[PDB]
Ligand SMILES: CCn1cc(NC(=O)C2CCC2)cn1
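Given next, in structure tokens, is a single chain: the form deposited without the named molecule.
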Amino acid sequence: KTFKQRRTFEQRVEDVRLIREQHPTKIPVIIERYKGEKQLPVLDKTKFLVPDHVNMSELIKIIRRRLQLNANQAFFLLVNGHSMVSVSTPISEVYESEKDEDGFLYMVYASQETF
């Protein structure tokens, strides 16, 4: 079902190196619904190219716009398995510290703060 399940470590590594070559200013982001989630819909896609200058605050707004949420629907975004320490961090900085060994930045969303 999940991205790591669908693609070999070889295939994920090679995709990230191609994005470097073809989208050199973009951060390669996997965004997945929490396997538990009941309230929020699933995204139309899995793999996002995020401009490397937006901070996490702007990425949360983007994703809430992609899910077409409304103001008082709750939405929580884990990065590399854990809560975000701060939303003001530029995604270029977040990438360099939170990226997986395959080169993707992994994110999971829920309506619950308890995942």
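Residues carry their position along the shown sequence, with the first being 1.
The same protein has a further form, the form solved in complex with the named molecule, not shown here; the description that follows concerns it.
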| query | finding |
| --- | --- |
| Contact of residue 33 with the named molecule in the entry with it bound (heavy atom, 4.5 Å) | no |
| 4.5 Å heavy atom contact, residue 45 and the named molecule in the entry with it bound | yes |
| Partner proximity in the entry with it bound: residue 23 to the named molecule, non-hydrogen atom cutoff 4.5 Å | yes |
| Partner contacts in the entry with it bound for 63 to 87 (non-hydrogen atom within 4.5 angstroms of the named molecule) | 66 |
